[PDB]
Each structure stands twice: as C-alpha cells, then as structure tokens.
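A.B. asks: Give me a model of this one.
(chains A and B)
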Amino acid sequence: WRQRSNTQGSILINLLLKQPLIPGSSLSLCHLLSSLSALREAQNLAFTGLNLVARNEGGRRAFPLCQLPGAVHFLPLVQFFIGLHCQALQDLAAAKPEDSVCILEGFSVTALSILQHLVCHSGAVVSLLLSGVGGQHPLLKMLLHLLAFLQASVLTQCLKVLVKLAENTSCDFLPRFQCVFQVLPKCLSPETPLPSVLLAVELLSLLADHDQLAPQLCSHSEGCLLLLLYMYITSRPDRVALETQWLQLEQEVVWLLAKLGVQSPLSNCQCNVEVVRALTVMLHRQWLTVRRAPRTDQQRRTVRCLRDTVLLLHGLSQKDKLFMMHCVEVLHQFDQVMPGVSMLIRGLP
Amino acid sequence: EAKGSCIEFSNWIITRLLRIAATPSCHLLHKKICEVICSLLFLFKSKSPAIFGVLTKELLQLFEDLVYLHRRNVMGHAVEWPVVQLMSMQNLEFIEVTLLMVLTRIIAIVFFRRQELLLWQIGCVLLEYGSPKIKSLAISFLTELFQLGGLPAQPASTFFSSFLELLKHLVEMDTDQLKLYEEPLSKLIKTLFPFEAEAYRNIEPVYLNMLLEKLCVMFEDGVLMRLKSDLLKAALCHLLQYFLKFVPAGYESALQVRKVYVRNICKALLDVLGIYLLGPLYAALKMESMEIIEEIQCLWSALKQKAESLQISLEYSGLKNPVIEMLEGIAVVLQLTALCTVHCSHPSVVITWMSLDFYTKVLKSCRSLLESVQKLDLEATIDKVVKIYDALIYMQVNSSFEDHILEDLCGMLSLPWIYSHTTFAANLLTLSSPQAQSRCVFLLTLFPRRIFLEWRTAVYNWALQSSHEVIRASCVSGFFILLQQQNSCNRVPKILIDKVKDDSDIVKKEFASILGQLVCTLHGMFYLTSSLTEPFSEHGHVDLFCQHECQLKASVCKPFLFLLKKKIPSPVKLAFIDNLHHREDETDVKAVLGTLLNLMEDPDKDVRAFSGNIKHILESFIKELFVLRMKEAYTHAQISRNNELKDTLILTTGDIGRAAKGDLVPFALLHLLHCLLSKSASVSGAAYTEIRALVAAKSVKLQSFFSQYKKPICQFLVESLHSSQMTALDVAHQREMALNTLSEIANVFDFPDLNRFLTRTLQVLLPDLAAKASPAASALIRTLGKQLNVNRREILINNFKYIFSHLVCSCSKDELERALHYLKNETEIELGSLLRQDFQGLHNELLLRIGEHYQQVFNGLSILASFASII
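C.D. replies: Numbering: from 1, shown residues only, chains lettered A, B, ... in the order given. Right below this line is the structure:
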C-alpha cells in the first residue's frame, strides 16, 4: 500500500484523465466533466480530490483497497455529476432534446461507471457508497431507479458497479443492498441485452454472496426471483450475445451455478425445471463442441466450460433424485449429452 | 459432525503432515500430498457439492492465513516464530507453494465467483512477496488462475503493477533467475496480449501505458541487448510481437508519436542484431513496414542504412561480418520483397525495394567469403549462409536479378552436390546436410526453366538421384516445380512415388501439395507459385519462401488416388484433398467411389477429413452405389457393434444428408431414421443432431418441408415400422412399445401435438399400411386405432377411400387383388355401393397419378365401373 496504493489511486485518476476510459466515449473528464456553479466547484474539488488521491493511497475488504479522502470527496462530486444524470432520469420518470439530455446523463453515467471503477480502485469512495444516504447512497438509490428506467449498457455498467460494490460491501451491507436485484431481475428482460444480462449474472453471483439474495431461493418457481431468472437463462435466447460472448454469458451462469453449488444451503422450482432446460442448452453447446471434436483459446475456454458444464450436470443428477424425470424432458438431448459426455471424456486428458 | 470427526482424524494426521511438508524429500512428497489433497477436495466434492464448498471455505481460510503470512512478508517486519512448533517463512513458503499447486487446480475446480479476484490479487501480492523461483512458482499458479479469470477487475492497477514488476525484473534479471523464471508464465502473459486487438483492445489503455513502460523496459532499456536466457529473449520478442506488433487500440496511446518513440525503441530493440528473436523482431519490423505501407500511400532508408552497416561489416571482411549478422542482413529480404511494389500491389510503387544487384554484390562477396572460410569455419554457418542464399532466392521471388546470378545461385546451391543439378561449375563444387540438400533442392525447384533449364531438369534428376528425409520431400516438390510447363502438363510424378506409392510420410505430404495442384486446382499451371501471402510461421523456420484460375478424372488422378489408402497412414487427407476438398466420370467415378468408400470406411473415425470434403464431392448412380457401399459399411458397423465405429458412420451419414440435395441422401437420412429407431444409445439422439444439421443445410419449412421430406420416404419409414409391426413380439404392450416408437417418430416430426402430427400422418399411414396389407400390420393398425382411441374401424372406412387411392397409386396386379381380398377380409362387407358412392376425389387421386398411373389409372376407371356394377 502506501505510495504504491497512492499510485494505484493516481492510476484510477489517470484512467479518469484518459479520454475516454469508458467505452464509446471520445473524452472522459475535462470538457466531458464540465447549482451548476456548485457542481463546477464540486468538479474542482474532485480535481483536488484526485490530486489528494494521488498524494495519499476482511472479506468485505477482500484484496486490500487504497482509501483516499480525496477519492471519497471526488465520489461526492461524482455523486453530484451522477445527480445530474439522475435528474435526467428523474425528468424521464416525470415524463409520461430529452434524448440529448439522456445522452449527457449517459456520459455522466459513463463517468459514474469510470467513478465506479475508481470506487473499485479506492476503498474510501466505496466506503462513502457503503455509508449511503444513511446503506444505499442517495445518488446510488437514484441510480438504482435510473437503472430500472446505451442506457441499457449504462444499466449494465451500474449492475457491474453494483457487483464491484457488493464485493467491497460487507455481507450484511450486501444483504441490505440485496433485494434491489429482485426489482432489477424484474427490470432484466430477454429483450434487454445479453451482455447486460451477463453483467446481471455477475451481479447475481455477488448477490449469491449477499445473505438477503441467499435468502431468496429457486424454490416457489416463477414467484421466486431466482427461478424466474433461471427460466430466462434456460431459454438462453442470447440474441445480443454472439459466438464466444454467448458462451461467456453461459460460462458466467455456470460460475454462478458453481457458487450456488459451493454454498451449503444451495416444478416446485422453475429454476430446477430451467436447470434441465439449461443442461439441454449446455448439451446443445456440448453437441457443438462434439461437432468441433481446443487450439483456439476460446475453444480451450469452451472445453473448460464444457468440463464445468459436465460437473454441473453431474451435480444436477446428484441434486435431483428424479434425475430421470428431468432427463425425460431433455432425453433426446440426453442421448446427445451422453455422446457429448463420451466426447468430453475423450476431450479430457 | 461425524464428517467433522473424520476431518479431526485428518487434523491429527495434519500435525504429522506439517513435519512432512518441509523435508529434503518433502517437496516431492508434498506434490503427492497436494495431489492427495486435490483428490480429498474432489472426494469432498464427490461427498457433496456443499462438502466441497465447506472444504473450499477451509481452503480459503488457509489461503487467508497464507495471505496474512504473505502480508507479514510484504511488511518485512514482525515474523511469528510459530505459524501453525517452529515455523520458517521459506519452509512455510515451500509448503504454501505445494498448497498453491493443489489450490490452483482446486481454484479452477472451484470456479468461485466474486471470491477469486481478491485471491488473484493476493497471489499477485504473494508474487511480489515471492523471490526468484518461489515467485516464479507463484507466478505460474497465478498465470493459470489468470487464464481462467482473464484479467481481474479487482487486481486492477496491482495486476498492471505486477506486469510492471515483471518488466522491472526483465530489466535486471539474473540468468539463474531467468532459469528460475518460467517462460510459460511469460508466454501466458504473451498469450494474454491478443495477436490482433481482441482482449488487448478490451485491455485497459492504462494497462497499455504500463505495457509502454514495459516497452521502455527490456529492449528500449537495452536489458534485451544485455545477455538474456534465449527462451526469455524469445518470450520478450514474443511479447513485443504480442503487443507492440499487434498495436491494438492505442488511440488513447501516443500512436504515431508513440511509434516514433517505438521506432527509437526499435533501434534499441535491434541492439546487437546480427552483430530467431531478431527474426521475430524482423517480423515485427516487417509488421512496422506493413504499418508504414498504405499509411505512406496517399524509415525504409534508415532500415537500408542499418542493412548497409551490416553490409559494411561484410564488406570489410567475410570474417568481419558476423554469421548471425550475415543471417540478419538476409533476414527481412523477403519482407523487403513484400515491401514497396509487392506492398503497392497489395500500384504507384513509389517506395523502392533495396536493389537485388547490391545484395548480389554482397552475395558474390559472401560466395568469396565461403571460399575464404576454413573447413572449421562455415559448415553450419555455411548452412546459415545457404539459408541466407535461400532468403536471397525468396528476395528474388518472382524474378531472379540476373539469369547469370540465378546460374551462380544454382552453382552455390550445388556446392556439396556433385554433377546432376556457373563458370566455376564443378571446380566450385570441388572447392565446396540432407536438410541443406533439401534447401538446395527447394532453391533448384524455386528456379524454373529460364537459364539452366536443362540444369533444373538435371536438378530434378538429382532430386530423383537422392531422396532422403527432407531432401526426399523436397525432391517430390522439386519434380513438380522443375518445369512450369511440366506442371501445366499432366503426367505421373513417378520417381519416389513410383518407388513407394506412399513414397514415405515426408514425400506423402509433398504428394499432398502436388495433389493440391491436382483435382479441382487446374492441371494447367498459371503463376504456379505456392508462395501465396506467407506471414510468420509461428516459431517455425521460414524455410521455403512459398480447373482453378483457368473436371479432373479420378482415373486421371490414377496412382496418386490409388496411393491414398486406409493402409496408408493418412490422418488426414489434408493438402491431398486440397481444392477438391474445398460429370460423366464413369470408370473414373467408380475409382472416385472406391476412394470415397475408403473415406467412408475411415481408417480413423476422427479423420472422417471426409466431412466437408464429402460436401464438396456432393457439390461435384455411382454415388448411389457408393451410398449403398456406405450402407454396407453401416451394416458392417452394426456387425462390428462398436459405438465409435457406429458414431463415425452416423456422423458420415449426417454429413451426407446435409451435403446432398438429392433424395438418395434423404433416403440415407431415412436409413439414419431407422438407425435412430435402433436402441443402444446414439441412434436418434445422434440422429436428431444429424437431422438438425441436415435441417440447417435444408433451410427446412419443418412440417411442410417434412411432407416433401416424407411422402414415399415416410412410406419407407412406415415400411420400417411395418417391419417392426411384422415382428412386434410383450403382446399389447409390445404393440404399445411399437406405438411409442411411432410416437417418437411423431415427436421427431414435431408438428403441433406429436399425436396431432401423427394423426395427419396416420391417414397417409393407414393407406400405406393397407398397401402393405400385412396381417401383423393390420393387427398393428387396430392397435394404432386403439392408441388413437378415435373412430378406428369407422375411421378405417374413411381411411379405406384414401387406401383405395393408395391401392390405385401402387398396383400389385393379381397380388394387389389378393391384397385387396386381404383388405376385403378387414373390410368385411366393405364400401360396396358406398365405394361407387365415393370414388370422386379418391378417383381423382388415381387421376392425379395420371401417366405414372398410366394403364392402371385406365384400369382403375374400369375397376370403378366394376365397383359401380371403362376399358
């Protein structure tokens, strides 16, 4: 930590300085960065805070994270910038030009996402979010309302920011954060982008660590939030996702399933019905791998994912005494899956 | 619990284990213990996913304790005397490294989400704490974790800092430390950089800025100029190729301003150069030249000046030029050929390639230098000079600088060879490896006709005279390349291929290249250049620089087609399938069918090589006979009763159905459907995947496509069902099982309800079942009516008018009348007057058969008059 931590804070400031660190933006900070006069004063304070962040640096801590008061001050200034983005979202909420204001809000959201990366970089900025209005930060709560309301990519960035925040957040703090996702899962749609859904799946893995999300369960089927999300995963339309990116979203779901499998706690559940459909989707991916019959890094990743999928399928058979009842729905896939399993055994080396 | 009590017994063993963890022989035991611990973790995973998770949490607690120990080491301040009796941080680190190796495999197994980037960050901190080999072992585990995790967001700057620390280590690395350092972990970092943009475009510009700092380290630093381990030097060259050559993104980066700095870094990168990794750098320089190319179009002279300095060392003495420097001057000659006019081609050619004649004067000096060199001198260095001569031939590319210079090059190529294959002539040869001979053969092959065309024929005779190892592969390439006109003409290669049909594996690969010229590529040769657009062949030595663009009989292929065999190692058709892989053949079609039958047999199931090539062949009767041979092979696979053999046949069948528009391939799919009906697994699940692949080729309309797909083929499928009906063998339950198989076929049809799809199929099926007129089929039809639980015999009377149309559609004559009598026994009183009442559309269906019905439709009209009471 110490000077190296300060350098890491400076590197986050350097990323904010870089135009733009956020994807799809020509410039970050500066003209993109900039009452409006109070916001300008906050931006000057954030620059001072960035200079301060350069000058100065358990499970919730995770990897030790440098904390800068200036970064927290920059985060408050970022919250004012976020508030202007939130105000455009609030104006949209009031509504029953504006898109340009939304684009300005989106640039602010991109800055907030860069700030979120900086918040991942700096503990103090994360701590200010952790304290919240009194909990969720008031700007963050407005951002959560904005996330419910490009904009989908910004929402995905917010979900990624929430997942980064959740790793920073204490599990009890994460539980207080948890159930925001259940409203978010309702916001999440097959129509909504798969890359955004993959970010949501990463958020779901952070949620799985949170106790309140852990209290939420696959059981209760469609009424249960987890089962409904699994059912969307089971459909796996992945229209936005292409090639490896579609596989990566499936791999992220497999990692989330693995995290559920690691947890001691983890039809009647839509997700259990979804898991047989998901296994069939994995079997279709396995059949493509069987058709491929790992020199490509993505192919090597797919082979590892297929090995993970096979372990998940073995876990699913262990999970359900009626493996066959799940199998009967997927039985045409299951005969292919058994051929795929032999191919996977051939693949294993 | 009870499991915890077993864990407690393990813990008593664990106190004994800690003594085991540090010992002279302990590290080998610890690796076995780590494998046992991984097995125990697998056993915990086997006992429960949760039990693995509880074990993972204990492992995470152990990792956290290691991280706390690492944090104390990073602090470098207080050290606990005991970290459990007596604890030694180096002894603990060795135990931790063994735990980490089990952990890295476990971490990949754990696939933890949101609890691993911190562990990766802890590993990076542990790597910073780690010194030399202990750090390298940590780095290798971290690299494996990184490959699974890509780049952690949490590692963030610290991961970039760890790369920067590696760059600092690169700037000041002991050779022993470099041996301790792992090339593979460095390779994984090189792997992490994308060859193009990809992940590197995804990778942060700030990480790229750290890479620019890394670029300042090593060769810009001159640490690369300082002696380095060759694998480490190669890794550094690979890293420059991975990122600096890729130049991914960099809009945030200085880019052209950075490129001028990069050019300064490149001058630092050249370092000693000639006075390999330099070749990789030359490839990066060629990429920089490629970057200069097009951008220059609406530097090279400096590179020429650097080349001139290498030439100046050669000019002062043959000895004065380093052999590596002579190789370096030769290196990028092909890139220079690619640069300027070849780059302009892919125009103005304002950029000028370095003159061949100035190079030729250096080459003449090099030939004098080779004469100057002592027998201890040259030798392998002379082989490098011969490679430099080969590079000069690559530089000559399409045109030799002079025919006399080409003759001088041929004399230089002859050097070791005497006769066969130049004012000095034999005397130069008198004054003068199989691979070197192969390179000389390649160079002789590269020259075509022109000066010493007879000598090139003599060189082909020399290639015939010696065919050993690489030279034999070169000799096969040389005979094909000896005359462009000979290449245009079609003749048996004979030579080694005549001596052995395989001619050995190296010749067979050369034969495969000759095969590439043969078949779909035109036998006539235009350009006749295999050079194409070669880039950099991985770590492989560049070696050789190298109707279509204008219908070939298998009989015209003759022996080469015969030479490929299941007995021949093959594995795979590879180049030999060539363009054909990408007619009135008659006996040649029969020869092609025999080659296809060998492909259908597949010496290797994996090499069935046949796939895609078969689709091109399908794009290209005898094929039906080959399909019948394939069906016989499928029968042979059933006789083999080997699942892998059956799978290879099923895969071939699936490929064939997608490959061919024609009905016989659909009939093969129906045979595949019969295979789908068969039990023992694979079968329908394999078939459904095959059907989906055929459906994707089909661009099928589903049930509307299925009706076109089925019809008579559905009747053939019904006939297979009739064969099952013929020997249902569980009484009603066996009939129900046959109905379930029919239901599975309805599920395969997948139209609306499977039963609803079946009901539409059943009216067609009932006429087909009537046409078969099996007593067992009639019992099955009654069972089917019971399974339908529908009109049944009343439905059968409605079916009978359709069945009468089916009877009109296919006529067995007197046998049909006997079948009609069998139908009449099922009919009992039968339609009678009602048949006279009906006819109409059923008669119209007989009318619809028309000319195919022919006399039978007229006979049906006479039969209709008989039914009523038309010859």
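
A.B. asks: Could you report the distance from residue B:734 to residue B:717?
C.D. replies: 19 Å (CB to CB, to the nearest Å). Just so you know, the C-beta spots here come from the backbone N, C-alpha and C atoms, and that holds for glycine as well.

A.B. asks: Give me the more crowded residue out of these two.
C.D. replies: residue B:717 (24 against 14; other CB atoms under 10 Å in any protein chain shown).

A.B. asks: what's the helix or strand for that one?
C.D. replies: Using DSSP states H and E, residue B:717 falls within helix B:712-726.

A.B. asks: mind listing what the residue nearest to residue B:328 when sequence neighbours are not counted touches?
C.D. replies: Nearest non-adjacent residue to residue B:328, counting by CB to CB, 6 or more residues apart in numbering or on different chains: residue B:274, 2.9 Å away. By CB atoms under 8 Å, 6 or more residues apart in numbering or on different chains, the residues touching residue B:274 are B:310, B:313, B:321-322, B:324-329.

A.B. asks: any idea which of those is the one closest to chain A?
C.D. replies: residue B:327 (30.5 Å; CB to the nearest CB).

A.B. asks: Now for the closest one, how many residues are close by?
C.D. replies: 21.

A.B. asks: I figured it hits residue B:386, correct?
C.D. replies: No: using CB atoms under 8 Å, residue B:327 is not in contact with residue B:386; the gap is 10.8 Å.

A.B. asks: which SS state does residue A:237 fall under?
C.D. replies: At residue A:237 the chain is in coil, as set by DSSP: H, G, I helix; E, B strand; the rest coil.

A.B. asks: how much space between it and chain B?
C.D. replies: 17 Å (CB to the nearest CB, to the nearest Å).

A.B. asks: mind pulling up the phi and psi values for that residue?
C.D. replies: According to degrees, to the nearest 10, the main-chain angles of residue A:237 amount to phi -60, psi -40.

A.B. asks: Count residues in the vicinity of it, would you?
C.D. replies: The burial count for residue A:237: 12, using other CB under 10 Å.

A.B. asks: Report how many residues lie close to the residue lying closest to it once chain neighbours are set aside.
C.D. replies: Once flanking residues are discounted, residue A:237 sits nearest to residue A:190: 5.4 Å by CB to CB, 6+ apart. Counted with other CB under 10 Å, residues neighbouring residue A:190 total 14.

A.B. asks: quick check, residue A:190 in a helix?
C.D. replies: No: using three-state DSSP, the assignment for residue A:190 is coil, not a helix.

A.B. asks: By residue count, tell me the biggest helix in chain B.
C.D. replies: helix B:49-75 (DSSP state H).

A.B. asks: Hmm, residue A:268 is touching residue A:219, no?
C.D. replies: Yes: shown here, residue A:268 and residue A:219 form a contact pair, counting by CB under 8 Å, at 5.8 Å.

A.B. asks: could you list every residue that touches residue A:81?
C.D. replies: A:33, A:39, A:42-43, A:108, A:111-112, A:115.

A.B. asks: Looking at the stretch 601-750 of chain B, which residue is nearest chain A?
C.D. replies: For the stretch 601-750 of chain B, CB to the nearest CB, closest residue to chain A: residue B:685, 2.3 Å.

A.B. asks: Please work out how many residues are found near the residue lying closest to that residue once chain neighbours are set aside.
C.D. replies: Residue nearest to residue B:685 in three dimensions, not counting chain neighbours: residue A:335, with 2.3 Å by CB to CB, 6+ apart. Here the number of neighbours of residue A:335 (other CB under 10 Å) works out to 22.

A.B. asks: need the contact list for residue A:335.
C.D. replies: B:681-686, B:688.

A.B. asks: same thing with residue A:347?
C.D. replies: A:289, A:294, A:303, A:306-307.

A.B. asks: Tell me where the stretch 51-200 of chain A has strands.
C.D. replies: Using DSSP state E, counting those that start in this stretch, no strands are found in the stretch 51-200 of chain A.

A.B. asks: what does it put close to chain B?
C.D. replies: Selection of the stretch 51-200 of chain A residues close to chain B by CB under 8 Å from any CB of the partner chain yields A:62-63, A:117, A:120-121, A:163-164, A:166-167.

A.B. asks: So residue A:268 and residue A:219 - more neighbours on which side?
C.D. replies: residue A:219 (15 against 12).

A.B. asks: how deep is the closest residue to residue B:56 other than its chain neighbours tucked in, by neighbour count?
C.D. replies: Distances taken as CB to CB, 6+ apart put residue B:110 closest to residue B:56, at 5.2 Å, once the chain neighbours are dropped. Neighbour count for residue B:110, taken as other CB under 10 Å: 26.

A.B. asks: correct me, but residue B:110 touches residue B:57?
C.D. replies: No: under the criterion of CB under 8 Å, residue B:110 is not in contact with residue B:57, lying 10.3 Å apart.

A.B. asks: related to what we said a few turns ago, of the contacts of residue A:347, which is the nearest to chain B?
C.D. replies: For those, the nearest to chain B is residue A:307 (9.2 Å; CB to the nearest CB).

A.B. asks: For that closest one, pull up the helix or strand it's in.
C.D. replies: helix A:297-319.

A.B. asks: and what of residue B:693?
C.D. replies: Residue B:693 belongs to helix B:684-698, assigned by DSSP H and E.

A.B. asks: that older thread, could you pick out the buried ones from the contacts of residue A:347?
C.D. replies: By the neighbour-count criterion of 16 or more other CB atoms under 10 Å in any protein chain shown, those include these buried positions: A:289, A:303, A:306.

A.B. asks: any idea how far the last one is from residue A:344?
C.D. replies: By that I understand residue A:306. 6 Å.

A.B. asks: tell me the contacts of residue 254?
C.D. replies: Because you didn't say which chain, this covers chain A. Shown in contact with residue A:254 (CB under 8 Å, 6+ apart): A:282, A:305, A:308-309, A:312, B:111.

A.B. asks: oops, I was thinking of chain B
C.D. replies: Residue B:254 neighbours (CB under 8 Å, 6+ apart): B:212, B:261.
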